[PDB]
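Engineer: Mind looking over this structure? Questions follow.
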Amino acid sequence: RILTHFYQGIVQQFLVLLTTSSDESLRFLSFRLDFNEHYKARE
Amino acid sequence: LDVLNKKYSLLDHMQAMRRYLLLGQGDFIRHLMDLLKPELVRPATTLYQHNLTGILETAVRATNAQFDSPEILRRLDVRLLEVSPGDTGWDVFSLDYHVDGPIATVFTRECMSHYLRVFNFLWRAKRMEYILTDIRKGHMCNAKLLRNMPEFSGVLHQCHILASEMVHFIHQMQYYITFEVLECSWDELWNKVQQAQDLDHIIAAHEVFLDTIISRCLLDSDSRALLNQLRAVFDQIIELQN
Amino acid sequence: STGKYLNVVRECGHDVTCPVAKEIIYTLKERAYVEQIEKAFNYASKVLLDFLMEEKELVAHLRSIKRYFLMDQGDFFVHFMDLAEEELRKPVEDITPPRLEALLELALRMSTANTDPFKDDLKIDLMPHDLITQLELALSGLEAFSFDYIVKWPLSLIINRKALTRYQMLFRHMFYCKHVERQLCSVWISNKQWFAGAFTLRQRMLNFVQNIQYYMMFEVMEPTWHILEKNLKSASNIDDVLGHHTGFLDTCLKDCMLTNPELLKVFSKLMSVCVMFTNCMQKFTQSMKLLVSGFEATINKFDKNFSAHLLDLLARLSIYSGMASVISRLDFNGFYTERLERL
Amino acid sequence: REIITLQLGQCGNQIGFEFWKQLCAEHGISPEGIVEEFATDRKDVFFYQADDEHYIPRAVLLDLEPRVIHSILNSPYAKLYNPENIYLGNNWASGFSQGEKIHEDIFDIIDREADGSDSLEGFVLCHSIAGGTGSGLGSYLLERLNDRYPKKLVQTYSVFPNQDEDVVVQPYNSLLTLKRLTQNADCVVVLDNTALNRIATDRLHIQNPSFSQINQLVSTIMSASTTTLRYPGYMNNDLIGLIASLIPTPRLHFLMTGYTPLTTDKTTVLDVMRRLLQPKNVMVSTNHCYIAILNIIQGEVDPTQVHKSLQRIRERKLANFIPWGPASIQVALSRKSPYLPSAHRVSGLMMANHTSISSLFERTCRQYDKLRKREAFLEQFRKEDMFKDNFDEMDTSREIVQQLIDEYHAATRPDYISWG
Amino acid sequence: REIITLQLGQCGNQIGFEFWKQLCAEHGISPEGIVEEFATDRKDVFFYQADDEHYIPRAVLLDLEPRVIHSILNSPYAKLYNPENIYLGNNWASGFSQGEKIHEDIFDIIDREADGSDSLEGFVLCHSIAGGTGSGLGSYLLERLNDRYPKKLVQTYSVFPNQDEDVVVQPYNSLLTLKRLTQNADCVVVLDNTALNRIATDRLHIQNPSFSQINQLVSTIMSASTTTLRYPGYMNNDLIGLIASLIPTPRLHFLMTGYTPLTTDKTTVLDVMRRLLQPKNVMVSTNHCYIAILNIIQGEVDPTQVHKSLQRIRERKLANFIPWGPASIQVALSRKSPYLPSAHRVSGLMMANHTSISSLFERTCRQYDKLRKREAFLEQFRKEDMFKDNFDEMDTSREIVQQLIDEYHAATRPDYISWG
């Protein structure tokens with residue numbers, strides 16, 4: 001259970017930093033990963 | 001351009017620099033990484049380069065790399081990392097393509113360094129990926145034996161999708177490196193070599209090719225904090241195996 | 001101008017040499033230098049306009065200006081409006097530009113507007129101070145919206161800052177009528193009966209905006225387009241093309257309701273009361289499905305304001321200067337032909 | 001958005017087949033639907049686009065007692081479509097009951113085609129009034145869609161049956177059909193047999209195969225009304241934007257049409273306008289006044305003449321329309337069509353709401369009321385006997401068409417400021 | 001590693017023969033297996049490499065009541081293979097018992113082929129559900145391998161029998177077969193007869209030799225799914241790396257497929273993606289949501305469009321999948337194939353776990369339960385009578401497929417956080 005919560009914690013910590021990186025190259029990774037629309041709806 | 005491209009085979013070198021180092025080939029690399037596995041699990045202090053060169057040769061002979069020229073397989077040979085008190089072979093390994101003609105005027109040594117850095121990244125990634133598919137391996141062997149004990153169902157049901165949440169993340173990352181890091185730069189590289197009729201334009205194209213690839217991975221100086229998180233995705237992988 | 005023309009072809013490749021060289025002298029009574037100057041200048045104009053109209057051609061550029069700013073191909077627009085209006089409905093600093101940029105490529109590449117590679121200069125941008133710029137800040141997607149365009153160097157000589165910004169400012173005025181008419185049709189489908197004066201008000205407003213649009217489509221747009229399509233096929237140099245383009249741009253800017261000494265405040269108050277009517281009626285119907293006595297009073301207020309802005313608009317249009325064409329539509333055996341008799 | 005076509009009945013499937021052959025020959029495609037290289041267009045509204053660019057039409061085919069549907073089946077245009085939707089008397093109640101029992105699987109065909117579409121704009125149906133098998137069945141499926149979807153539009157192109165009066169229950173059937181048309185549909189485009197008979201006898205000398213040439217004229221009309229959709233325009237490329245101006249009122253939603261050449265085998269904007277002002281160039285036969293008129297022109301037009309023309313059109317007062325309020329003519333331009341010989345260069349199409357069609361309704365009302373006074377003309381067929389034992393739906397339809405004709409005759413008045 | 005192919009049954013040996021002819025024509029080799037000089041590739045997974053480069057396939061051939069196996073025997077591709085492994089009712093229990101008595105020497109054939117391999121990755125079998133001779137026998141050998149080797153994978157490509165219902169014990173046989181499939185196999189790829197019937201009737205006009213064209217489409221699919229193996233890629237060149245992402249759970253391991261051209265006789269990444277989003281380009285027929293989708297593309301692609309496309313694919317929300325957790329689509333690229341004409345340049349293949357297939361299982365469950373309520377449809381054949389005197393294996397299979405359908409319907413829910 002702690003491992004699961006840590007995994008959810010580390011992935012949103014990726015995306016919140018990914019929001020301001022680069023205009024084409026790095027931003028696109030955020031849109032590969034979320035196609036399921038509960039990412040950043042747990043925020 | 002004629003005498004450099006037929007007498008020293010300069011075009012086949014760049015094609016094989018993308019193939020083996022930059023992972024454009026890959027029965028060869030999967031067979032290398034499969035056959036090199038029990039050595040690299042042990043620390044590299046008890047390993048030397050001749051023990052790599054042999055198994056590399058058998059990797060080359062059995063796979064599709066055999067019907068490629070003996071020169072360019074000969075110019076690629078094994079290398080290691082000089083030792084440190086926490087040596088793993090997965091920490092300590094490299095390939096070296098070294099210069100054997102006038103191609104040093106085309107390929108600088110720091111260009112081989114950036115080559116080896118992105119090689120280090122795409123090594124750590126397919127490293128964790130094979131650990132990941134061994135996790136899925138433990139899943140489809142053990143779960144069909146655990147029908148006969150009903151009480152463990154909840155925790156095994158839980159661990160499966162903690163694993164599947166990782167296996168998807170690697171099934172985005174291996175596919176982000178496929179569609180953006182080795183066709184884009186490769187298309188524009190291929191264009192501005194094969195249309196160009198001056199050596200310096202080919203040189204300046206290969207340079208910015210590898211350099212924008214550096215920015216496109218998280219191997220830049222400013223994206224390093226991004227990199228730092230990504231290393232934390234690799235901890236919970238090996239933790240999960242235990 | 002003769003030597004000036006040679007640079008702007010030499011800047012984009014091939015400095016071209018003269019077909020024959022003569023030595024020029026002054027001699028008493030003998031103006032043989034004059035015809036040599038005209039022959040060299042004429043060759044300069046010939047090879048320059050022979051450079052422009054094939055490489056970095058102007059024709060597909062004019063077609064792709066008529067396509068979006070003048071609105072020729074708008075299948076793209078009924079793709080775009082329907083799939084983006086709910087995101088456009090949010091005020092400024094609640095929308096983000098990647099969202100609308102992706103929706104723009106959505107509507108472009110779905111659509112039949114796929115015919116030429118100069119559809120990909122198109123980007124969405126805004127005007128921060130919409131009409132004060134002519135001599136919003138709280139809304140965007142309702143009163144701030146534009147299309148962006150990039151240029152090449154031979155097309156930078158004909159079209160520049162001024163032409164592109166007039167294109168943005170005519171597109172904006174055209175955007176107003178596009179939005180109100182689709183609001184009115186969306187209200188029309190809401191009833192496919194008792195209180196029914198709102199149906200008459202809706203019909204009056206929608207017939208009015210169609211009178212305005214087909215007035216503007218067939219008085220300003222296509223006439224000056226075809227006269228431009230005559231002037232550009234008899235041009236002698238690039239200053240001739242420049243004169244024809246500037247006259248065309250002046251005519252399509254002058255001929256609408258973009259040029260007015262007050263910018264026609266009556267027109268703004270009239271589209272305001274139309275938007276207000278659409279909003280409260282859809283609000284009232286959705287609060288009825290889930291009084292027609294107070295609603296009748298509000299419809300009276302809207303009808304009075306609409307009739308007042310209408311009579312101000314006919315009086316201020318009849319004083320202008322072929323301008324009566326919306327009025328020579330509107331009053332056929334006569335309604336809104338005169339309501340308050342003066343004297 | 002996207003528009004789904006429907007076709008049923010013998011005349012409806014005939015005119016649908018002619019419409020699809022018209023758009024096959026009109027655009028650059030094969031009779032199996034392969035794009036021609038030599039041809040750009042949007043055909044995404046009435047045809048689903050495939051990977052080899054097979055523009056398979058959005059045409060659901062329903063048949064009952066098939067004879068001509070078999071001839072549609074074996075055709076060189078039977079490779080254009082195959083959506084697998086073909087599923088099997090001359091009375092209104094008969095076709096109503098036959099549609100009633102199979103409403104579920106044809107509704108599955110409807111929902112399958114709806115899932116084929118991403119978005120939707122409207123349903124067109126090919127139907128003929130009092131066509132026998134089409135009549136009653138078409139009213140039933142109109143009821144089914146009007147129950148199911150209040151979010152969409154229905155456009156209907158149907159003819160008025162006049163065979164210059166063996167079938168005597170035809171006014172009853174047409175009356176019940178038009179009752180469902182006024183109350184369950186949003187916009188109706190109606191035509192006459194007699195006006196097309198006049199234009200056909202004028203342009204040509206045929207009398208017996210008149211149906212075939214009628215099909216040609218219907219195809220030209222249906223292409224013309226859709227040209228701003230199929231050729232990319234920039235206004236009223238939704239159906240509802242076209243329909244919105246002509247209909248202020250939910251019962252008077254009947255639209256009459258015209259088209260400038262009678263024979264099609266310069267013309268100026270003045271000439272084609274005044275030709276279009278004639279009722280002999282209109283394909284439907286106190287003073288009557290239009291509520292609103294719409295015109296779309298397609299040809300080689302000069303843009304400066306058109307403002308001259310509508311100036312002088314105001315000046316001569318060659319139209320006489322005054323409903324009560326400021327609703328006038330709307331003139332529009334569409335592309336002159338390539339990929340076909342452009343002879344008879346400029347051609348116009350005309351769309352209005354005019355009160356005179358009520359008189360033609362009244363003619364049918366005069367017939368039906370006469371038969372209703374005698375009450376010997378239902379012939380006691382068992383279908384109408386099951387469906388209504390007391391035959392009170394005919395009286396309800398009579399009171400509805402009475403309301404309709406009274407709304408028409410009040411709509412003529414310049415006191416229609418209220419009850420509009 | 002190396003993958004050993006298995007084939008049995010009439011439909012399985014048919015599709016295996018078509019697969020080997022497909023890879024014969026696809027790569028540069030002779031029909032006796034001699035390499036062509038004019039041709040580089042790896043064919044070491046499904047073919048053993050010889051000294052004159054005879055790529056003899058890893059195909060073990062088992063036959064029972066051979067008619068078409070004889071036609072496979074005398075062929076110009078009968079010089080490609082000869083591993084000397086050919087060894088001789090329409091019931092599940094019949095094929096089960098016939099495999100039971102010869103399990104030893106066919107296991108000797110298995111172990112001989114295993115010794116032919118140095119390493120191993122997986123076993124594929126060519127099988128058809130309720131195929132008669134294949135049914136029961138295939139479940140038995142699945143039991144034999146699952147008992148013998150827990151170290152390997154099994155991939156299975158098999159069709160769902162629908163002949164639009166003389167054979168009434170077919171739901172029982174398919175039910176018992178799928179019971180062994182859920183519990184003794186790790187990943188299943190299933191297809192429909194009806195969806196291939198739809199695509200075949202759309203792309204062509206054939207009805208009677210439909211099997212042959214079905215074989216062609218199966219061969220194209222089986223080449224496509226293996227292209228990253230046969231043409232050297234650099235990721236998921238093991239089977240388990242491909243399988244790992246799609247299956248989180250050991251009972252819901254059924255994978256459905258799609259392929260972008262229906263007819264194969266530019267396309268952009270946006271076009272082929274949205275085509276692949278259709279169920280009419282998918283060869284298998286509450287809201288249902290995918291768990292995870294995988295796509296592999298092969299063609300002339302531009303690498304910068306693909307990130308644009310998945311941006312806009314997020315933006316339009318043209319897919320609707322939400323299992324409960326962060327498992328999304330995976331897009332990949334493989335080589336556009338040389339040594340054949342590359343027409344219809346870009347083509348995609350699609351692999352997902354979707355819950356909707358449960359409904360199709362439920363349809364079969366509805367049939368079987370109905371027959372189980374009547375209990376007159378085993379026909380009292382002696383084979384099922386010996387193998388189970390009390391017929392309680394059918395009830396055990398019923399409770400297992402009940403658990404499976406309940407796992408499916410819970411897997412739709414966004415509370416599948418537990419029991420996953």
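Please note that chains go A, B, ... in the order of the structure tokens, that every chain numbers its residues from 1, and that ligands are numbered from 1 in the order shown.
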List the spatial neighbours of range 114-124 of chain E as a list in words - criterion: any atom at most 7 Å away, only C-alpha atoms, same-chain residues fewer than 4 positions off excluded.
Structural biologist: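 Those residues are residues 1, 2, 3, 4, 5, 6, 110, 152, 153, 154, 155 and 156 of chain E.
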Engineer: Now that the selection is made, can you save its residues with N, CA, C and O atoms as a JSON list (two decimals), in the first residue's frame?
Structural biologist:
```
[["chain", "number", "residue", "atom", "x", "y", "z"],
["E", 1, "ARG", "N", 13.53, -14.98, -27.72],
["E", 1, "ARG", "CA", 14.42, -16.02, -28.23],
["E", 1, "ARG", "C", 13.90, -16.64, -29.51],
["E", 1, "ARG", "O", 13.62, -15.94, -30.49],
["E", 2, "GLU", "N", 13.79, -17.97, -29.52],
["E", 2, "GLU", "CA", 13.27, -18.70, -30.66],
["E", 2, "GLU", "C", 11.85, -19.15, -30.35],
["E", 2, "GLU", "O", 11.54, -19.52, -29.21],
["E", 3, "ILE", "N", 10.99, -19.12, -31.36],
["E", 3, "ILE", "CA", 9.57, -19.42, -31.19],
["E", 3, "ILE", "C", 9.21, -20.61, -32.06],
["E", 3, "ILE", "O", 9.47, -20.60, -33.27],
["E", 4, "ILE", "N", 8.61, -21.62, -31.45],
["E", 4, "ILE", "CA", 8.22, -22.84, -32.15],
["E", 4, "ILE", "C", 6.73, -22.74, -32.48],
["E", 4, "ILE", "O", 5.91, -22.43, -31.62],
["E", 5, "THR", "N", 6.40, -22.98, -33.75],
["E", 5, "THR", "CA", 5.03, -22.95, -34.22],
["E", 5, "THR", "C", 4.46, -24.36, -34.20],
["E", 5, "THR", "O", 5.18, -25.34, -34.38],
["E", 6, "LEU", "N", 3.16, -24.44, -33.95],
["E", 6, "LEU", "CA", 2.43, -25.69, -33.88],
["E", 6, "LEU", "C", 1.23, -25.54, -34.80],
["E", 6, "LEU", "O", 0.68, -24.44, -34.92],
["E", 110, "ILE", "N", 7.63, -33.22, -29.78],
["E", 110, "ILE", "CA", 7.82, -31.94, -29.09],
["E", 110, "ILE", "C", 9.24, -31.81, -28.56],
["E", 110, "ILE", "O", 9.91, -30.79, -28.78],
["E", 152, "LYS", "N", 7.83, -21.07, -20.40],
["E", 152, "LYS", "CA", 7.64, -20.49, -21.72],
["E", 152, "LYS", "C", 6.28, -19.81, -21.82],
["E", 152, "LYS", "O", 5.47, -19.83, -20.89],
["E", 153, "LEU", "N", 6.05, -19.19, -22.97],
["E", 153, "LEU", "CA", 4.80, -18.52, -23.30],
["E", 153, "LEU", "C", 4.02, -19.34, -24.31],
["E", 153, "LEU", "O", 4.59, -20.15, -25.05],
["E", 154, "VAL", "N", 2.71, -19.14, -24.32],
["E", 154, "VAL", "CA", 1.87, -19.61, -25.41],
["E", 154, "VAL", "C", 1.06, -18.44, -25.96],
["E", 154, "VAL", "O", 0.35, -17.76, -25.21],
["E", 155, "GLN", "N", 1.18, -18.22, -27.26],
["E", 155, "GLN", "CA", 0.32, -17.32, -27.99],
["E", 155, "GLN", "C", -0.62, -18.14, -28.85],
["E", 155, "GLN", "O", -0.24, -19.18, -29.40],
["E", 156, "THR", "N", -1.88, -17.71, -28.93],
["E", 156, "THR", "CA", -2.88, -18.47, -29.67],
["E", 156, "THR", "C", -3.72, -17.54, -30.53],
["E", 156, "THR", "O", -4.27, -16.54, -30.06]]
```
Engineer: Would you list which chain E residues are within 10 Å of chain A using only C-alpha atoms, as a list in words?
Structural biologist: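 Contact residues on the first chain: residues 290, 291, 292, 307, 308, 310, 311, 312, 313, 314, 315, 317, 319, 320, 321, 322, 323, 324, 325, 326, 327, 328, 329, 330 and 331 of chain E.
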Engineer: Write the residues of the selection above to a file with C-alpha atoms, as an mmCIF file, in the first residue's frame.
Structural biologist:
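See result_12.cif below for the written result:
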```
data_model
loop_
_atom_site.group_PDB
_atom_site.id
_atom_site.type_symbol
_atom_site.label_atom_id
_atom_site.label_comp_id
_atom_site.auth_asym_id
_atom_site.auth_seq_id
_atom_site.Cartn_x
_atom_site.Cartn_y
_atom_site.Cartn_z
ATOM 1 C CA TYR E 290 -10.161 -0.475 -23.036
ATOM 2 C CA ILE E 291 -7.596 -1.368 -20.424
ATOM 3 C CA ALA E 292 -4.672 -0.687 -22.772
ATOM 4 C CA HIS E 307 3.636 13.771 -31.854
ATOM 5 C CA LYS E 308 1.181 16.290 -33.390
ATOM 6 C CA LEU E 310 -1.238 12.100 -30.330
ATOM 7 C CA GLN E 311 -1.588 15.662 -29.039
ATOM 8 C CA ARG E 312 -4.784 16.077 -31.041
ATOM 9 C CA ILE E 313 -5.843 12.495 -30.189
ATOM 10 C CA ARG E 314 -5.808 13.567 -26.549
ATOM 11 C CA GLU E 315 -7.662 16.732 -27.529
ATOM 12 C CA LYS E 317 -11.009 12.292 -27.022
ATOM 13 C CA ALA E 319 -11.178 7.014 -27.814
ATOM 14 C CA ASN E 320 -13.071 6.294 -24.610
ATOM 15 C CA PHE E 321 -10.971 4.191 -22.272
ATOM 16 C CA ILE E 322 -10.692 4.361 -18.478
ATOM 17 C CA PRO E 323 -10.118 1.014 -16.719
ATOM 18 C CA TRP E 324 -9.312 2.696 -13.419
ATOM 19 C CA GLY E 325 -5.665 3.502 -13.839
ATOM 20 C CA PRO E 326 -2.942 5.003 -15.950
ATOM 21 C CA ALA E 327 -2.771 2.490 -18.822
ATOM 22 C CA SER E 328 -2.925 4.135 -22.251
ATOM 23 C CA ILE E 329 -2.119 3.537 -25.908
ATOM 24 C CA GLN E 330 1.359 2.496 -27.054
ATOM 25 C CA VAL E 331 2.385 3.472 -30.587
#
```
Engineer: Can you tell me, as a PyMOL selection string, what residues are no more than 9 Å from residue 248 in chain C when counting only C-alpha atoms, ignoring any on the same chain fewer than 6 positions away?
Structural biologist: chain C and resi 224-225+227-228
Engineer: Could you please take those selected residues and save N, CA and C atoms as a PDB file, in the first residue's frame?
Structural biologist:
```
ATOM      1  N   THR C 224     -14.799  43.943 -55.436  1.00  0.00           N
ATOM      2  CA  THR C 224     -13.417  44.374 -55.431  1.00  0.00           C
ATOM      3  C   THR C 224     -12.451  43.221 -55.632  1.00  0.00           C
ATOM      4  N   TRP C 225     -12.872  41.977 -55.356  1.00  0.00           N
ATOM      5  CA  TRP C 225     -12.039  40.836 -55.718  1.00  0.00           C
ATOM      6  C   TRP C 225     -11.894  40.696 -57.226  1.00  0.00           C
ATOM      7  N   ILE C 227     -12.494  43.069 -59.563  1.00  0.00           N
ATOM      8  CA  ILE C 227     -11.755  44.216 -60.090  1.00  0.00           C
ATOM      9  C   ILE C 227     -10.270  44.120 -59.755  1.00  0.00           C
ATOM     10  N   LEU C 228      -9.911  43.514 -58.622  1.00  0.00           N
ATOM     11  CA  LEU C 228      -8.503  43.211 -58.386  1.00  0.00           C
ATOM     12  C   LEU C 228      -8.005  42.152 -59.366  1.00  0.00           C
TER      13      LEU C 228
END
```
Engineer: Quote the spacing between CA of residue 80 in chain C and CA of residue 104 in chain C in Å to one decimal place.
Structural biologist: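 Going from CA of residue 80 in chain C over to CA of residue 104 in chain C, I get 7.0 Å.
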Engineer: For chain D, list the residues within 9 Å of chain E, counting only C-alpha atoms, and write the list as a compact mmCIF listing (two decimals) with N, CA, C and O atoms, in the first residue's frame.
Structural biologist:
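Result went into selection_9.txt, see below:
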```txt
# COMPACT_ATOMS: atom_id res chain seq x y z
N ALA D 50 -13.36 6.35 -47.51
CA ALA D 50 -12.59 5.15 -47.21
C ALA D 50 -11.10 5.34 -47.54
O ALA D 50 -10.65 6.42 -47.93
N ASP D 51 -10.34 4.26 -47.36
CA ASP D 51 -8.88 4.27 -47.47
C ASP D 51 -8.40 4.26 -48.91
O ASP D 51 -7.35 4.85 -49.22
N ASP D 52 -9.12 3.58 -49.80
CA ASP D 52 -8.94 3.76 -51.22
C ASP D 52 -9.88 4.83 -51.76
O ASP D 52 -10.19 4.84 -52.95
N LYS D 79 -21.44 -1.37 -56.58
CA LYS D 79 -20.15 -1.44 -55.91
C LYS D 79 -19.81 -0.14 -55.18
O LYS D 79 -18.87 -0.12 -54.39
N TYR D 81 -21.98 1.38 -53.04
CA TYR D 81 -22.49 1.15 -51.70
C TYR D 81 -22.66 -0.35 -51.47
O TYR D 81 -22.89 -1.11 -52.41
N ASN D 82 -22.53 -0.75 -50.21
CA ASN D 82 -23.11 -1.96 -49.65
C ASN D 82 -23.11 -1.87 -48.13
O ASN D 82 -22.32 -2.55 -47.47
N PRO D 83 -23.99 -1.06 -47.52
CA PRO D 83 -23.96 -0.93 -46.06
C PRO D 83 -24.67 -2.06 -45.33
O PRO D 83 -24.71 -2.03 -44.09
N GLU D 84 -25.22 -3.03 -46.08
CA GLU D 84 -25.94 -4.20 -45.58
C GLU D 84 -27.11 -3.77 -44.72
O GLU D 84 -27.10 -3.95 -43.50
N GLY D 116 -21.77 5.16 -37.11
CA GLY D 116 -20.86 5.40 -38.22
C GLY D 116 -20.47 6.86 -38.34
O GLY D 116 -19.37 7.19 -38.82
```
Engineer: Would you mind reading off the distance between CA of residue 241 in chain B and CA of residue 135 in chain B, one decimal, in Å?
Structural biologist: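 Distance reported for this atom pair: 6.7 Å.
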Engineer: If you run DSSP on the backbone, which residues of range 119-227 of chain D are alpha helix (DSSP H), as a VMD selection string?
Structural biologist: chain D and resid 137 to 148 170 to 184 193 to 203 210 to 225 227
Engineer: Excluding range 205-217 of chain B and residues on its chain fewer than 6 positions from it, collect all residues at most 8 Å away from it, counting only C-alpha atoms, and give them as an MDAnalysis selection string.
Structural biologist: (chainID A and resid 25:26) or (chainID B and resid 111 114:115 118 181 185:186 189 192:193)
